[PDB]
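Counting neighbours? That spans all protein chains shown, and the Cβs are built from the backbone with ideal geometry, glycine included. Only the coordinates and a few stated rules stand behind these numbers; no lab work does.
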């Protein structure tokens, strides 16, 4: 008997966002080095494409668009959470942190 794992709910067909532990959360532009990562957190497979033109979701991959993979969550040494995106781990913060922090940027890809 061992209970310790919650399924992450992604917005789907939308920008970077998700809810964990009944709490709103999103992917930030802040990236954390593997050396800071403690270990795996959650295993999921999600991929989508967004156009940098209007920052909207699409159905195909164009030159004016960039693919984004929101998944592969990991833990940090400071109990911080992060998600894997394009071989790059980006820290995740609650939507309540808005005002001073914003979602990640596709320019990093």
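The fewest-to-most ranking of 16, 28 by surrounding Cβ atoms within 10 Å reads 28, 16.
Here the contact order of the chain, divided by its residue count and restricted to Cα pairs under 8 Å and six or more residues apart, works out to 29 percent. Ranked for footprinting exposure by Cβ neighbours inside 10 Å, fewest first, 52, 83 give 52, 83. For the chain, treating each Cα as an identical point scatterer without solvent, what Debye log10 I(q)/I(0) comes out at q = 0.09 1/Å? Once normalised to I(0) and log-transformed, intensities are -0.23. Among rounded, prolate and oblate, which fits region 18-64 when a ≥ b ≥ c are the square roots of the eigenvalues of its C-alpha gyration tensor, a/c under 1.5 means rounded, and a/b larger than b/c means prolate? Prolate, since a/c reaches 1.5 and a/b exceeds b/c.
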